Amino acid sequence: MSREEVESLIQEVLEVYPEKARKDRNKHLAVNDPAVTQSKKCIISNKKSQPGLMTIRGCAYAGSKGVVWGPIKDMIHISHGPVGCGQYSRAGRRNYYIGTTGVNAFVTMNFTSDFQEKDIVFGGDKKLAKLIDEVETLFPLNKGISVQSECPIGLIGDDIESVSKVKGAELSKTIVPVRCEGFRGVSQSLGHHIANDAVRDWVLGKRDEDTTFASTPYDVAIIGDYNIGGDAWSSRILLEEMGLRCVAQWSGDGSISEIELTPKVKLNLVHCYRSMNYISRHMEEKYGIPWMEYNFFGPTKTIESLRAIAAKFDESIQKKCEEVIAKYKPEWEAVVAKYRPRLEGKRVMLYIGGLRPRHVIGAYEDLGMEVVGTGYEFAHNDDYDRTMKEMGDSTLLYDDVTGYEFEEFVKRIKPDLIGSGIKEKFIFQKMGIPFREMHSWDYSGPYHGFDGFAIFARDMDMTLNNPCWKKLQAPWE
């Protein structure tokens, strides 16, 4: 379509809205221009969701408990408040880990204070203190406790920070109060920020005066990889094959000790900018540690990232970098040879959270596919700044898309494949459009790194080219 045709599509879709919602949603839809550096001239983001329009966003508790803290495997995270939040988010995100669950690791368990009316009316601080004692008795190998506040905690005036300070001092245990109530902010995003500030204030400085860790010039941290389906492990293997030492993973398969060791690294490698740039900026300011953004989706971006990272070190790391590239060249070239002819020219629309809507584009292009529309649930304009150069001219961009908008865009653009989330999946399959979950990877993955590219390619082919898509119309109609 021409830029004018995409613009007319936006305007036609907007016609259904009352004028207040119409004026607002117009600011969150745009035709891409890859020459734009200040995306605020084209699209705005990180604003309130208009009421009643069926946004796909979650809340700050999702961003804090579900995304940042939940994956830390050897701590116990309390969903503090009524029973709903921790139940819907129990084991829904595939932030993989190695441990003995219920004994030294706790990720897929749901610990909660299960608020009843007595707790609303009289406060939950006494319940939280008792709960902490019971956690300590029944799970003695936990290495710390986080308190993830649900909606009512702030509203009823509870003081979880003083419970955390008093109990933590009494039990000589790290107890992290997180004020991530779902009414805060406008999306998962403020949950990320609240969660990094809680790491900063309660955990990260614990070894500031401890010099016993022997650092090396090759020490790095993987910042902002939650190890979905093993994503961080298939990233870590390449960095260590290239000669670096990965001191910490934030936070997929992450431990509380490797978070506390992270101020000792020489370089923070940031994959999810949206969720972790806050603590990355903090460690630059407090410890002088530089951070750099990278991309391990598909061979082109992975190779570019390995070389960019290696250039910060020395010739020995650069020599290993080229050896890693040489090792995996026949593998991803074989993936391309098998699957690119099956996918050449196919057109995809994406809708995801805060990183992947731009960050997987290169992997699709490595298989000859075209991303004709993309957008984010909760990105900010610095994310859109990084997006516009990655998307083609006259492609469609949507921020905090409504269910109506996304359905209407899809019906006009008619992509060959949609990559989005579980609340979207079954809508579009019924329209006969192949769909891949780009959060959970549709229970597949990893997708990061060279080993992940093979799985990504296999997955896009098995779904886009599946025989089921030719069968939706009955032969008598």
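Counting begins at 1, following the sequence as shown.
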* As stated in the PDB record, which stretch has the larger average Cα B-factor, 180-188 or 115-123? -> 115-123
* For the stretches 367-375 and 205-213, which has the higher mean C-alpha B-factor as given in the deposited record? -> 205-213
* Asked: Whose C-alpha has the highest temperature factor in the PDB entry: 300, 234, 251, 162?
  -> 162
* **Maximum C-alpha temperature factor, selected from 438, 62, 433, 36** => 36
* To do: Give the position of residue 17 by CA B-factor within its chain, expressed as the lowest, middle or highest third.
  => highest
* Chain thirds of CA B-factor: placement of residue 149 -> middle
* Asked: Going by the entry, which third of its chain does the Cα temperature factor of residue 462 land in?
  -> middle
* By its CA B factor, does residue 47 count among the lowest, middle or highest third of the modelled residues in the chain? -> middle
* **Chain third (lowest, middle, highest) by recorded CA B-factor, residue given as residue 55** => middle
